Amino acid sequence: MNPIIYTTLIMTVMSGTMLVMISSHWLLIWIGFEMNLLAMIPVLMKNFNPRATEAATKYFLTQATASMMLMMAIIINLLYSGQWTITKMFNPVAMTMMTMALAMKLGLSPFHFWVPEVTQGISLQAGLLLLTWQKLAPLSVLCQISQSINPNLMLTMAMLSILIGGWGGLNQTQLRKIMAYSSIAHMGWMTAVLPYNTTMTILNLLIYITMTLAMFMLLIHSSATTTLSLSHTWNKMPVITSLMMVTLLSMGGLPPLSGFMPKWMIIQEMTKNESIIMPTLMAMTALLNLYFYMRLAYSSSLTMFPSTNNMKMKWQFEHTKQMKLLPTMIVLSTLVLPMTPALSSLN
Amino acid sequence: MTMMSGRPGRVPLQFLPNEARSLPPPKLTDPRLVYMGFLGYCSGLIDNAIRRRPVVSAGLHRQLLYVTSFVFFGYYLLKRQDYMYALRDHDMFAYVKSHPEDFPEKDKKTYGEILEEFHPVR
Amino acid sequence: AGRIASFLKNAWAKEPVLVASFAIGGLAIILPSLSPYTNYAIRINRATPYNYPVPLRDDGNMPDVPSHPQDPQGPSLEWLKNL
Amino acid sequence: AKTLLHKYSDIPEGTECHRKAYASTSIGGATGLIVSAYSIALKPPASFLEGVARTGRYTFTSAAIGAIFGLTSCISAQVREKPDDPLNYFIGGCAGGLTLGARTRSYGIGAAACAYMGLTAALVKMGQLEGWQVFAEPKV
Amino acid sequence: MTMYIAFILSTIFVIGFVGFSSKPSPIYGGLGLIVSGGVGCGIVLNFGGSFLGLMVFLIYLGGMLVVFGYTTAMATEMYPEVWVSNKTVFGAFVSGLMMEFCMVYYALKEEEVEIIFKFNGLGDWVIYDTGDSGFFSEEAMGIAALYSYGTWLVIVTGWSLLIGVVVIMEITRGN
Amino acid sequence: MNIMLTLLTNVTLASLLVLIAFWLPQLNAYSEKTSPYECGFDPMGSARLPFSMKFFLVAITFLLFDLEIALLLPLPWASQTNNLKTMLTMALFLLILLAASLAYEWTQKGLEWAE
Amino acid sequence: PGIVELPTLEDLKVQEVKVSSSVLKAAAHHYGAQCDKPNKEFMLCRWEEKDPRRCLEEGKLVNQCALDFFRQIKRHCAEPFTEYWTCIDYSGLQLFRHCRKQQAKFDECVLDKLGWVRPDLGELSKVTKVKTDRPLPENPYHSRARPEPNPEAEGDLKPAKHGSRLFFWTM
Amino acid sequence: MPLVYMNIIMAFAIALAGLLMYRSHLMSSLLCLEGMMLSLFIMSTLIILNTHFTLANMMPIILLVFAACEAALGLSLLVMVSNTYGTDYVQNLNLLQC
Amino acid sequence: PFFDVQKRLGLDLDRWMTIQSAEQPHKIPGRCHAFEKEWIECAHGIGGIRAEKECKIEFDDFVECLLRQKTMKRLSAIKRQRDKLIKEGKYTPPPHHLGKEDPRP
Ligand SMILES: CCCCCCCCCCCCCCCCCC(=O)OC[C@H](COP(=O)([O-])OCC(O)COP(=O)([O-])OC[C@@H](COC(=O)CCCCCCCCCCCCCCCCC)OC(=O)CCCCCCCCCCCCCCCCC)OC(=O)CCCCCCCCCCCCCCCCC
Ligand SMILES: CCCCCCCCCCCCCCCCCC(=O)OC[C@H](COP(=O)([O-])OCC(O)COP(=O)([O-])OC[C@@H](COC(=O)CCCCCCCCCCCCCCCCC)OC(=O)CCCCCCCCCCCCCCCCC)OC(=O)CCCCCCCCCCCCCCCCC
Ligand SMILES: CCCCCCCCCCCCCCCCC[C@@H](O)O[C@H](CO[C@H](O)CCCCCCCCCCCCCCC)COP(=O)(O)OCC[N+](C)(C)C
Ligand SMILES: CCCCCCCC/C=C/CCCCCCCC(=O)OC[C@H](COP(=O)(O)OCCN)OC(=O)CCCCCCC/C=C/CCCCCCCC
C-alpha cells in the first residue's frame with residue numbers, strides 16, 4: 001500500500017469517528033459509522049494473506065448488520081416522534097434495538113465472537129487500532145443516550161462480557177486473542193457503570209486505552225505474537241520484559257498500580273446507588289484476567305525459558321524504529337494512582 | 001448519568017472558564033506538581049533504558065524536556081480540577097439554601113438524654 | 001513556459017478528447033465568477049412568486065409599503081421587461 | 001418472561017404447594033429451552049432427531065429440577081409453619097441439586113449441586129427478605 | 001378498504017422479500033429483489049413520492065445487474081437451487097409465507113399489538129393530507145434543497161464516494 | 001390507474017402471443033431435438049460452471065458511479081434556488097469529485113481488464 | 001377534552017361564484033386590481049387568526065366583491081370577455097400566450113367602459129398593507145402558561161471546602 | 001400504524017432473519033443486506049412523505065448512497081474470498097477460532 | 001462523547017434538519033408544525049427530566065397529530081355503530097352521504 005493512501009485511510013477512519021462525536025443529527029452519526037467502517041476495512045487488509053481477508057470479511061459482516069439495526073432503530077424513533085436529534089430516545093423498542101446494535105459494534109457479550117477472530121487474523125498495528133480507536137464512537141453514543149438506557153439489559157451484557165472475557169482468556173496461548181478477551185472484559189466494566197455515571201466510563205476507557213497502547217507497543221517492539229516467542233525476549237532485551245511484567249500487573253488491577261483506579265472508582269459509584277452484589281461479582285470475576293496475566297508474566301519475565309543459538313546474532317543489532325510515546329505510555333499505565341482526584345476534570 | 005454537561009452557561013470546549021480566575025492558583029511547590037515532575041523524570045529514565053543508553057546520564061536535555069512538559073500540563077490539570085470541585089461545592093450549597101424543607105436542622109439532644117442500649121462483653 | 005507549450009502540443013496530438021474536456025471544465029469553473037448576469041439570474045429567481053404575499057397590518061408608520069398593488073411603492077420588475 | 005416469575009412469586013410461601021410447584025416447573029422448562037436453543041446454535045447436533053433429543057433432555061432436566069425445588073421448598077415451609085425462613089429455600093435447592101446429580105448419574109455433581117444450589121436459594125430468599133437489588137435503578 | 005391497492009403492493013413486497021431471504025440461488029434472489037424494488041416504487045408512488053420511487057427502482061436495477069454478473073462469475077454450481085428443489089429453501093419460503101399470512105390475519109380480524117403497537121386497518125387513505133396548494137412538487141423542492149441546505153451532507157457524501165473508489169481498488173489489489 | 005391498465009394490457013398481449021405460439025403448431029419433441037446446441041458436437045462441460053469476469057473492478061466502480069447519478073438528477077430543480085452561488089459551488093464540487101475518482105482509477109490501471 | 005365549536009349550516013350560506021376556471025383566469029388580473037381591499041382583509045384575517053371559523057364575514061365580503069366585479073363585466077363587455085375566455089378555455093394548460101388579440105380587445109373594452117388598467121408585471125405579487133379595526137389576537141395558538149425555569153447561578157466562586165474530599169486525599 | 005407500515009417492518013425483519021441464517025453462499029447474505037437497505041429506504045420515505053417533512057426528503061437518497069458503498073465493499077471482499085478458494089462458501093472462512 | 005463544535009463555532013452543520021418546524025424551503029409547513037412548536041417552546045431551557053412531566057400535554061398532542069391513533073379509534077367507533085344501526089335497519093342515512101349531495105365550489 002502507498003503511504004499516501006494509508007494516511008488518507010487512517011484520516012478517514014478518524015474523521016468518521018469525529019463525525020460521530022460532534023454530530024447532533026442521527027443521520028450524521030450513522031454516516032460517521034459508515035465512513036469509519038468503509039475506511040477501516042482496507043486497513044485490516046494491509047498485509048494481504050488469507051487470514052487477514054477472513055478477518056476483514058467477518059468484521060464487515062458484523063458491522064454492517066449492526067449498522068442496519070442502528071438505522072432501523074433511528075427510523076422507528078422518528079416514526080414515534082418526528083425527532084432527529086440524539087436525545088432521550090422516545091421509543092423503548094427502538095431503544096432496545098439501538099442498545100443491541102451498539103453492543104454488537106462494541107463486541108460486548110453475547111455479540112463477542114468476532115473480536116478474538118478479527119484480532120488474531122490481523123497484524124499488531126491493526127489490532128492496536130481496532131482495540132483502541134474503534135471503541136470511541138459507540139461509547140460516545142451510549143454516553144449521550146444513557147438516561148434512556150434499560151439498566152437490566154446493559155448490566156446483563158456487561159456481566160456476561162466480564163465472565164466471558166475471563167473464561168475465554170484463560171484458554172489462550174496466542175497473544176492477540178489474549179488481548180481481545182481482555183478487551184471484552186474491560187468493555188464489560190466500562191458498560192456496567194454507564195447508566196450511573198458516564199464520567200467513570202470515560203475514566204475507565206482512558207486508562208484501558210493507555211494500558212492497551214503500552215501493551216501493543218511493547219509487543220510490536222519485541223516481535224512476538226505467541227507465548228513461546230515472547231519467552232525468548234529476556235535473552236535479547238530484559239528491560240522490555242520487566243516493563244511488560246509491571247504493565248501486566250497493572251492491567252490485572254493490583255494496587256498501587258494505575259489499573260486499580262477505574263475498578264475502585266466504579267465499585268464506589270455502584271455503592272452510591274444500592275448495587276452491592278454486582279460489583280462484588282465483577283471483582284471476583286476480574287480475578288480470572290489477573291490469573292492469565294500472571295501466567296504470561298511467569299512465562300516472559302519471572303522465569304527464564306530456553307533460547308536458541310541464532311539469538312546470538314540478534315545480540316549484535318539494535319532496534320531501528322523507535323516508538324516515541326512508549327515510555328510515557330508505560331509511566332501512565334503504572335504510576336498514576338496518586339493523581340486519582342484529577343478525574344474531576346473529566347466531567 | 002452526566003452531572004455537569006448541561007449546567008447552564010457552560011461553554012462547550014473551554015477547559016477553563018473565566019469564573020475560574022477567581023480561585024487561588026496552585027502553588028508551584030504543590031506536591032501534586034512535584035509528583036507530575038517525578039512522572040516526567042521516570043518517563044525520561046525509561047526512555048533511556050529502552051533505547052539502550054546510560055539510564056541516568058544519557059540525555060539531560062531530553063530529561064529536562066520530559067520534566068518540564070509534565071509539570072506544564074499538570075499545572076493546568078490541577079487548575080481545572082480545583083475549579084470543578086469549587087463548582088460542585090457552590091452548586092451543593094446553593095441547592096441546600098434554596099430547599100430548606102429538604103434539609104431541616106432538628107433539635108439537638110445531649111448524651112445525658114439519649115438512651116443507648118448497652119451490650120456487655122463477656 | 002516553453003516546456004509546457006510542448007506538453008500542450010503533445011497532448012493535443014495524442015489525447016485531444018482530454019484536452020477538450022479539461023478546457024471545457026476549466027471554462028465552466030472560472031467563467032461564472034466573471035459574469036455580470038449571474039446576479040441577474042439570482043434576481044430572476046427571487047422575483048418568481050411561488051407563494052401568496054401575506055399583507056402586513058397597517059400600524060400607520062410604514063411609508064415604504066404600498067396600500068395597493070398598483071401604488072408606486074414596493075419593488076419593481078421594470079428591469080425584467082428590458083431583459 | 002416476568003409473567004412466569006410473577007405467577008410463582010404471587011402465591012404465598014407455605015400455601016398451595018401444587019401451584020407453586022407448577023410455576024417452578026414452568027420456569028425451569030423455559031430456562032432449559034433457552035439453554036437448548038443456544039447449545040443447538042453453537043454446537044450443531046448433526047441430525048434433526050438428535051437435536052430434538054438434546055432439547056428434550058435439557059428441558060426435562062431443568063423442569064424436573066424446578067419442580068423438585070418448588071415442591072420441596074413449599075412443603076418444608078408448610079410443615080415447619082415458618083415462612084420467610086431461608087432454610088426452606090436451602091432445602092429446596094439441595095433437593096434440586098440432588099435431582100440434577102441423579103439426572104446426570106454422578107455423585108460428585110449431586111453433592112456439589114446440593115451445596116451450591118442450596119446456598120444460592122438461601123441467598124435469594126435473604127435478598128427477598130432484606131430488599132437486596134441485583135439491578136439497582138440509578139439513584140444518584 | 002378502497003381497492004386495497006397499497007395493501008396488495010405491500011404484501012407483494014413482503015412476498016418478494018421472503019423469496020430472496022430463503023436464499024434459493026443468487027439468480028432467483030436477484031429476481032425477487034427486483035420484484036420487491038418494483039413494488040416498493042409503486043408503494044412510494046401511491047404516496048406522492050414519484051422521484052424517490054423511480055430513483056430506487058433504477059438504482060436497484062443497476063445493482064442487480066452487477067450482482068447477476070458476479071453470480072455467474074463466482075456464485076454458481078452445477079445445479080442451481082430453486083424454491084422447490086430443496087427442502088430447506090422450500091421450508092423457509094413456506095414459513096415466511098405463513099408468517100406473513102398469520103400476521104395479516106392477526107392485524108386485520110383483530111386489533112392487537114404484534115410487537116410495537118396495535119393496528120386496525122381502515123386502509124392507508126385515512127391519514128392523508130387534503131392539502132390544497134402549490135405550483136411545485138414538495139418532494140422535488142425538498143430533494144433539490146440538498147444543494148443549498150445540505151452542503152455538509154454533499155461534502156461527506158462526495159468524500160465517502162471517492163474513498164470508496166480508493167478502498168475497492170486497495171482491497172482488490174491483492175498481492 | 002391508467003398506467004396499471006396499460007401494463008396489464010401489454011403483459012396480456014405478450015402472454016397471449018406466447019400461448020398461441022405454443023398451442024397452435026404441431027409439436028414433435030424428442031431427445032436429440034431438445035439437446036443443447038454447440039455447433040453439432042456435444043458440449044464438454046456444463047454451462048453452469050463458473051465463467052470468469054475480466055471487468056469486475058469496472059462493475060464495482062459502476063455501482064459506485066450509479067449513485068452519483070441519483071445525486072445529480074435534482075439539478076434542474078436545484079437551479080431555481082435564490083442562493084445560486086452555493087448551489088453551483090456544490091454541483092461543481094460533486095462533479096470534480098467524480099472526475100477525480102475516474103482519474104484515480106484510470107491512472108492506477110483500474111480500467112484495464114484482467115488477463 | 002371539550003367539544004369542537006362549529007358554525008351552523010345556515011351561517012355558511014352565501015351567493016356563489018359559479019364561473020369555471022378559464023373564466024376566472026381570463027379576468028384574474030383585473031379582478032386582483034379591483035377587488036384587492038376585501039381580499040387582502042380576508043387574507044390578513046386568515047393568517048392572523050389561524051382559524052377558518054373566525055373569518056366567515058370576510059369570506060362573504062370577498063364573494064360579494066367578486067359578484068359585483070363580474071356583474072359589471074357582464075354589463076359592459078359580455079362579448080369580448082366571452083371570446084377571450086373561450087380562447088383561454090380551449091388550451092389544455094390554459095395559456096395566456098396563445099390568445100393575445102382577444103385579450104387586447106377585452107382590455108380595450110374595460111379601459112374605455114370602466115377606466116380599468118391591467119396591472120403591470122410584478123404588481124399583483126407585491127406585499128401590501130391593510131387598515132383594519134379588527135384587534136390583533138393575543139394568543140392565536142391557545143398556548144398554556146410556560147413553566148418557570150430553574151432559577152439561576154449566583155454568587156462568587158470559592159474554593160471547595162477541604163478540597164476534593166475523596167477518601168484519604170487532603171487536597 | 002396502518003397495515004403498510006407493519007408490512008414494511010415485517011419485510012425488514014424477514015431480511016434480517018435471512019442475513020442471520022447463512023446457508024452456503026456469501027452472495028445470498030449480501031442480497032439480504034441489500035434487501036434490508038431497501039426496506040429502510042421505503043419505511044423512511046413513507047414516514048417523511050406522510051408528515052410533510054420537506055427537508056427530510058433528501059435523507060433517503062443519502063441512505064442509498066451509503067448502501068451502494070456497503071454493497072461495493074461486500075462485493076470486493078467476495079472477490080478475494082473466491083480467489084482464495086474457487087468458491088464463495090462461508091464454510092471456508094474458518095481459519096480463525098475463538 | 002459529544003463535543004459541541006457547532007455550538008462553540010456557531011457553524012450549523014446539521015441543526016437545520018433536526019426538526020420539522022425549522023425553515024423549510026418555500027415556507028412549506030409540516031403537517032404538525034404548530035404542535036411541535038408548542039412542545040418545543042414548553043420544554044425549552046428546563047431540562048429533559050422536568051420537560052418529561054411538565055410538557056406531557058403538548059407532547060401528547062404532538063404525538064396525536066403525528067400518528068392519529070385516537071382519531072381513528074373514534075372514527076371506527078362511529079362507523080361500527082352506524083353499520084349496526086343500518087343492519088338493524090334503523091339508520092335512515094342522508095342523501096349527501098350517499099353521493100346525491102348538491103356540491104358547492
Ligand atoms: C512509592 C514511593 C516512591 C516509589 C516510586 C516508584 C518506583 C521508582 C520509580 C520507577 C521508575 C524509575 C526508574 C525507571 C527506569 C529504570 C529502568 C532500568 O532498567 O533501570 C536500569 C538502571 C541501571 O542501568 P545502567 O546504569 O545504565 O547500567 C546497568 C545496565 O543497564 C544493566 O541493565 P540490563 O537491562 O542489562 O539488566 C536487566 C534487568 C533490567 O531490568 C530492570 O532494570 C527493571 C526496571 C523496570 C522499571 C520499572 C517498571 C516501570 C515503573 C513501575 C514501578 C511500579 C512501582 C509500584 C510497586 C509495584 C512494583 C512493580 O532485568 C533483569 O535483570 C530481570 C530481573 C527480574 C525482576 C523483575 C522485577 C521488575 C519490576 C520491579 C520494579 C520496581 C520499581 C523500580 C526498581 C528500580 C529500577 C532501576 O537503573 C538505574 O540506575 C536508574 C535508577 C536510579 C536513578 C534515580 C536516582 C536519582 C538521582 C540520585 C539522587 C536522588 C535525588 C533525591 C533528592 C535529594 C537530593 C540529595
Ligand atoms: C476446616 C475443617 C475441615 C473442613 C472440611 C473437611 C471436611 C469436609 C470435606 C470432607 C467430606 C465432604 C465430602 C462430601 C461427599 C463426597 C462425595 C463425592 O465426592 O462424590 C464423588 C465420588 C465419585 O464417585 P462416582 O465417580 O460418581 O461413582 C463411583 C462411586 O464411588 C460408587 O458408589 P458406591 O456404589 O460404592 O455407593 C455409593 C452409595 C453408598 O455408598 C457405599 O457404598 C458405602 C456406604 C456409605 C454411605 C454412608 C451413609 C450411611 C452412613 C451415615 C451415618 C450418619 C452420618 C454421620 C453423622 C452422624 C450424626 C450424629 O452412596 C449413595 O448412594 C449416596 C446416598 C446418600 C446417603 C449418604 C449421604 C448422607 C449425607 C450426610 C447427612 C448429614 C446431615 C447433617 C448431620 C448433622 C449432625 C452431625 O463419589 C463417591 O465415590 C462417594 C459416594 C458416597 C459419598 C457420600 C457420603 C457423604 C459423607 C458425609 C457428607 C458431609 C459433608 C457435606 C455436608 C454439607 C453439604 C450441604
Ligand atoms: C492512564 C492516564 C490517563 C491519561 C490520559 C491522557 C493524558 C494526556 C492527554 C492531554 C489532554 C489534552 C486536552 C487539553 C486541550 C483542551 C481541550 C478542552 O477544551 O477539552 C475540555 C475537556 O477537558 C478534558 O476532558 C480534560 C482532559 C484531562 C484528562 C485527565 C484526567 C485523568 C483522570 C486522573 C488520572 C491522573 C492523570 C495524570 C495526567 C498525567 C472541554 O470539555 P467538554 O467539551 O465540555 O467535554 C466534552 C465531553 N463531555 C461533555 C461529555 C464531558
Ligand atoms: C490553449 C491551451 C488549452 C489548455 C487546456 C487545459 C490543459 C490541457 C492539458 C491538460 C491535460 C491533457 C490530458 C493529459 C495529458 C496527456 C494524456 C496523458 O497523460 O496520457 C494519456 C493517458 C491515457 O492514455 P492510456 O489509457 O493510458 O493509453 C493506453 C494505451 N496506450 O492519460 C492517463 O493516463 C490519465 C487520464 C486522466 C483523465 C482525467 C479524468 C477525467 C477528467 C476530465 C473531466 C472534466 C474535468 C474538468 C475539471 C478540471 C478543471 C480544470
Side-chain angles (χ1 to χ4, degrees), chain A residues 21 140 143-144 198-199 202-203 206-211 234 237-243 245-247 249-250 254-259 261 301-302 304 327-347, chain B residues 2 4-6 10-16 36 38-50 52-58 70 73-74 76-77 80-81, chain C residues 7-8 10-12 14-30, chain F residues 92 95-96 98-104 106-107 109 111-112, chain I residues 1-5 8:
Chain A
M21 302 207 123
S140 59
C143 281
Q144 297 198 67
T198 60
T199 299
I202 295 164
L203 171 76
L206 290 180
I207 284 149
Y208 157 84
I209 280 173
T210 298
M211 282 176 334
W234 77 271
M237 48 219 174
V239 161
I240 298 302
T241 41
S242 309
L243 300 163
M245 194 268 299
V246 189
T247 305
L249 285 180
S250 195
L254 295 174
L257 305 178
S258 72
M261 183 216 289
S301 176
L302 293 164
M304 296 167 247
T328 299
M329 219 58 57
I330 289 156
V331 166
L332 289 189
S333 297
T334 47
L335 317 161
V336 107
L337 195 70
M339 305 288 309
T340 304
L343 78 98
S344 188
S345 73
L346 278 183
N347 56 45
Chain B
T2 310
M4 306 289 257
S5 266
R10 174 163 172 163
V11 175
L13 297 147
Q14 215 169 13
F15 186 88
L16 257 171
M36 296 276 339
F38 162 78
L39 295 178
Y41 185 72
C42 284
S43 297
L45 291 189
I46 284 168
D47 197 319
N48 269 340
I50 290 179
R52 306 204 57 244
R53 308 191 277 237
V55 165
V56 179
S57 301
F70 270 69
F73 174 73
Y76 294 100
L77 185 60
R80 182 169 163 77
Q81 159 200 353
Chain C
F7 167 85
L8 260 296
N10 177 63
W12 188 237
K14 302 297 251 312
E15 307 281 317
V17 158
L18 295 182
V19 167
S21 306
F22 273 102
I24 287 157
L27 282 190
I29 281 175
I30 77 87
Chain F
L92 296 171
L95 279 164
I96 283 158
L98 179 52
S101 72
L102 177 70
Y104 179 79
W106 190 335
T107 54
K109 309 318 145 193
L111 299 174
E112 265 53 53
Chain I
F2 196 175
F3 300 114
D4 224 323
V5 171
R8 183 57 187 279

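Both counts, for ligands and for their atoms, begin at 1 and track the order of listing. Every chain is numbered from 1, with letters handed out A, B, ... down the list of sequences. When reading the values below, keep in mind they use all heavy atoms of this one structure, side chains included, and skip hydrogens, waters and symmetry mates.
For ligand 4, the atoms closer than 4.0 angstrom to any heavy atom of C/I29 are 50 (C). Taking every non-hydrogen atom of F/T107 and a distance limit under 4.0 Å, the qualifying atoms of ligand 4 come out as 35 (C). Atom numbering of ligand 4 starts at 1 in the shown order; those under 4.0 Å from a heavy atom of C/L18 are 13 (C), 36 (C), 38 (C). Taking every non-hydrogen atom of B/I46 and a distance limit under 4.0 Å, the qualifying atoms of ligand 1 come out as 14 (C), 15 (C). For ligand 1, the atoms closer than 4.0 angstrom to any heavy atom of B/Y41 are 90 (C). Residue-ligand proximity, A/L335 to ligand 1, at heavy-atom distances under 4.0 Å covers atoms 52 (C), 53 (C), 54 (C), 55 (C). Close contacts between ligand 4 and C/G25 involve ligand atoms 47 (C), 50 (C) [criterion: under 4.0 Å to a heavy atom]. Interface of A/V239 with ligand 1, defined as ligand atoms under 4.0 Å from a residue heavy atom, comprises 19 (O), 35 (O), 40 (C). Listed by atom number, the atoms of ligand 1 under 4.0 Å from A/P238 heavy atoms are 38 (C), 61 (O). Listed by number with element, the atoms of ligand 4 under 4.0 Å from a non-hydrogen atom of C/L8 are 2 (C), 3 (C), 4 (C), 8 (C).
Nearest protein heavy-atom contact of atom 73 (C) of ligand 1 is A/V246 CG2, 4.6 Å. Ranking protein heavy atoms by distance to atom 13 (C) of ligand 1, first place goes to B/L45 CD1, 4.0 Å. Of all protein heavy atoms, the one lying nearest to atom 3 (C) of ligand 1 is B/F38 CZ, 4.9 Å. Counting protein heavy atoms only, atom 47 (C) of ligand 1 is closest to A/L243 CD2, 3.9 Å. Atom 21 (C) of ligand 1 has its closest protein heavy atom at B/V55 CG2, 4.0 Å. The nearest protein atom to atom 40 (C) of ligand 4, hydrogens excluded, is given as F/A103 CB, 3.8 Å; this is a heavy-atom distance. Counting only heavy atoms of the protein, atom 18 (C) of ligand 1 lies nearest to B/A49 CB, 4.0 Å. Annotation: atom 42 (C) of ligand 1 to nearest protein heavy atom, A/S242 OG, 4.2 Å. Closest to atom 26 (O) of ligand 4, if we only count protein heavy atoms, is F/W106 NE1, 3.1 Å. Regarding atom 11 (C) of ligand 1, its nearest protein heavy-atom neighbour is B/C42 SG, 3.6 Å. With respect to atom 3 (C) of ligand 3, the closest heavy atom belonging to the protein is A/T210 OG1, 4.2 Å. Annotation: atom 11 (C) of ligand 4 to nearest protein heavy atom, C/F22 CD1, 4.0 Å.
Of the candidates B/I50, A/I330, A/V331, A/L257, it is A/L257 that places a heavy atom closest to atom 58 (C) of ligand 1. Between the choices C/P16, C/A11, C/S21, C/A23, the shortest heavy-atom distance to atom 43 (C) of ligand 4 belongs to C/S21. Compare A/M339, B/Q81, B/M36 by their heavy atoms: the one nearest to atom 40 (C) of ligand 3 is in B/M36.
Counting heavy atoms under 4.0 Å from ligand 3, residue A/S345 touches it through both backbone and side chain. Only the backbone of I/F2 comes within 4.0 Å of ligand 3, counting heavy atoms alone; no side-chain atom from C-beta on gets that close. Looking at A/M245 against ligand 1, only its side chain comes within 4.0 Å, counting heavy atoms. Looking at B/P12 against ligand 3, only its backbone comes within 4.0 Å, counting heavy atoms. Neither the backbone nor the side chain of A/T199 comes within contact range of ligand 3; no heavy atom lies under 4.0 Å.
Residue contact annotation: A/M211 has no non-hydrogen atom under 4.0 Å from ligand 3. Residue-ligand proximity: A/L343 is placed with a non-hydrogen atom under 4.0 Å from ligand 3. Residue-ligand proximity: A/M261 is placed with a non-hydrogen atom under 4.0 Å from ligand 3. Remark: distances from the non-hydrogen atoms of B/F73 to ligand 3 include one below 4.0 Å. Heavy atoms of A/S258 come nearer than 4.0 angstrom to ligand 3 in no pair at all.
Counting only heavy atoms, the protein gets under 4.0 Å from atom 23 (C) of ligand 4. At a distance under 4.0 Å, a protein heavy atom can be found next to atom 69 (C) of ligand 1. The protein does not reach atom 77 (C) of ligand 1 closely, with no heavy atom under 4.0 angstrom from it. Within the 4.0 angstrom cut-off, atom 30 (C) of ligand 4 has no protein heavy-atom neighbours. For atom 17 (C) of ligand 4, the nearest protein heavy atom is under 4.0 Å away. Protein heavy atoms are absent from the 4.0 Å sphere centred on atom 95 (C) of ligand 1. In this structure, atom 99 (C) of ligand 1 has its sub-4.0 angstrom surroundings free of protein heavy atoms. The protein reaches atom 84 (C) of ligand 1 closely, with a heavy atom under 4.0 angstrom from it. For atom 38 (C) of ligand 4, a protein heavy-atom neighbour is found at a distance under 4.0 Å. For atom 65 (C) of ligand 1, no protein heavy-atom neighbour is present inside the 4.0 Å cut-off. Distance check for atom 50 (C) of ligand 4: a protein heavy atom is found below 4.0 Å.
For A/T198 and B/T2, the side-chain atoms include at least one donor-acceptor pair closer than 3.5 Å.
The closest side-chain heavy-atom distance from B/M4 to A/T199 is not below 4.5 Å. The shortest side-chain heavy-atom distance between A/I240 and B/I50 falls under the 4.5 Å cut-off. A heavy-atom distance below 4.5 Å is not found between the side chains of A/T210 and A/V336. Between A/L249 and A/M245, some side-chain heavy-atom pair lies under the 4.5 Å cut-off.
Counting heavy-atom neighbours within 6.0 Å of B/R53 CZ, excluding the residue itself, gives a total above 12.
Below 3.5 Å of separation, one finds an N or O of B/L13 facing an N or O of ligand 3. Any N or O atom pair closer than 3.5 Å counts here, and B/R10 shares at least one such pair with ligand 3.
For the atom pair OH (A/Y208) and OG (A/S333), the distance works out to 12.0 Å, reported to the nearest 0.5 Å. Atom CG of residue B/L39 and atom CZ of residue B/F73 lie 11.5 Å apart, to the nearest 0.5 angstrom.
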